[PDB]
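Here's the structure, in structure tokens; my notes come after.
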Amino acid sequence: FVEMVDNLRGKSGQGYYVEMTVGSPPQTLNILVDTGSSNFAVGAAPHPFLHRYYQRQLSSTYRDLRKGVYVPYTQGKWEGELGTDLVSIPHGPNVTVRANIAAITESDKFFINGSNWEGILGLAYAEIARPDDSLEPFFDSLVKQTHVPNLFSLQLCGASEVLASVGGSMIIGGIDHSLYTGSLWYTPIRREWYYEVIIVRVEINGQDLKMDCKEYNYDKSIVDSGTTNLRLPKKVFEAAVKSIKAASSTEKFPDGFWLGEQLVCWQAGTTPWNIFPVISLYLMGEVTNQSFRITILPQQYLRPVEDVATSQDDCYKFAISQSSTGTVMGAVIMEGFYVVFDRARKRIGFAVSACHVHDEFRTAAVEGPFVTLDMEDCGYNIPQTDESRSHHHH
Ligand SMILES: O=C(OCc1ccccc1)[C@H]1C[C@]2(CN1)C(=O)Nc1ccccc12
Ligand SMILES: [Zn+2]
């Protein structure tokens, strides 16, 4: 799928985006690739952080759905007017789709200064579309309207006055074998809403955290390209950081570093990678009592950032952080791996990325099988609110 190789760009820490066209004539927009949400939504009015935006009234193929939409996140919210239009991905498949589009008329802490994207492409399932699950997501429309197979795959590649440029590939409708090496291992999608999966064990430099495994998935574990960190439930974050602190303890950093709010630096090219431990997440296998591990390096979870005040140093931000809404395997995790979103077979594949950043002692790894007898169930069951219970689904 050569024409889709290297179709993503962005700034380190600010999202990976793909070029899309909406409307007739086609308006080009840079759109964030987000597997943690299910709306297609584009800036449609002026904003300090947007160079440009979708102008509905200039598209001869726009239809207004006469209905508004509102999505709040933990960080960020937007709102706008729903409609449909013609949408294509120039460096994607050679098709054109009529899809739902949310035209964002207002927003708060959503757009990111300097990120260069003007909208979001939510690739997850209808169950978490807003206003509700009858708003068909983009990928569902693409599959229904064209012959494109029901899978996509992501290779996110990690990196003085601007942040580092990043690149990646979104292969729509298949798997490109040049983007990985070694075995591709699949974990089932637990439920089709998020890309929810189940972590059964976590190791830091070979050592088990030894928590009840439901903690790893409290209250869910999801794969989200639009989240930049590996985010971990509070209790798991405190244990993991305790173990990383212990391994690295020849270096005493500020509190702010471990809080993800402060760089630490070494003389150029002298970063002591080998004092930071590898982190291994064991994911449920397709077979009962089987799992496989994805192992990331500090080159994934320490993000490079060039200090203006000390440009001769190599500086890093800690990109593991605390969550109250479950584990999020964000770009930090994904930057180790080629990730196959096999919606057709209700599973997610991982293989070692041909573009992952490593050194001569260590590599990001995908390894299995590992076997447990009489395994626990590690899934958490979210409390059902009456609101959620009252919804009909016809
Ligand atoms: O996780 C996510 O949506 C949850 C969700 C909540 C509510 C409805 C459906 C899904 C998406 C959206 C995301 C990163 N991924 C984030 O939450 N804020 C933010 C800010 C800017 C860009 C991307 C994001
Ligand atoms: Zn009903």
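Numbering of residues begins at 1 and proceeds along the displayed sequence.
The ring-ring contact (aromatic ring centres under 6.0 Å, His included) test with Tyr338 is passed by exactly one of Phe350, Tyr180, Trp185: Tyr180.
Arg293 and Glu367 are joined by a salt bridge, as a carboxylate oxygen and a charged side-chain nitrogen come within less than 4.0 angstrom of each other. Salt-bridge check for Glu192 with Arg343: failed, with every basic side-chain N at 4.0 Å or more from each acidic carboxylate O.
Pairing each heavy atom of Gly15 with each of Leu32, the nearest pair is CA-CD1, 3.4 Å.
Side chains of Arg362 and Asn274 form a contact here, defined as non-hydrogen atoms less than 4.5 Å apart. Residues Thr271 and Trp266 meet the side-chain proximity criterion, which asks for heavy atoms closer than 4.5 Å. Within the 4.5 Å cutoff, no side-chain heavy atoms of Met170 are placed close to those of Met4. You'll find the side chain of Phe1 stays beyond 4.5 Å of the side chain of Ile172, heavy atoms only. At least one side-chain heavy atom of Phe318 sits less than 4.5 Å from a side-chain heavy atom of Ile320. Using a 4.5 Å heavy-atom threshold, the side chains of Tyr195 and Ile189 count as touching. Counting only heavy atoms from C-beta outward, the side chains of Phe341 and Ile348 approach each other to under 4.5 Å.
For the residue pair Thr228 and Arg303, a side-chain donor N or O sits within less than 3.5 Å of a side-chain acceptor on the partner. Between the side chains of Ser169 and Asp6, no donor N or O sits under 3.5 Å from an acceptor N or O. A donor-acceptor contact closer than 3.5 angstrom is absent between the side chains of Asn39 and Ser37.
Ring centroids of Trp273 and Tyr316 are separated by less than 6.0 Å, placing the two rings close together.
Using a distance-only test at 3.5 Å, with no hydrogens or angles considered, no donor-acceptor pair links the side chain of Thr363 to the main chain of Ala365.
A tilted orientation is assigned to the rings of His358 and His356, their planes being inclined by 30° to 60°.
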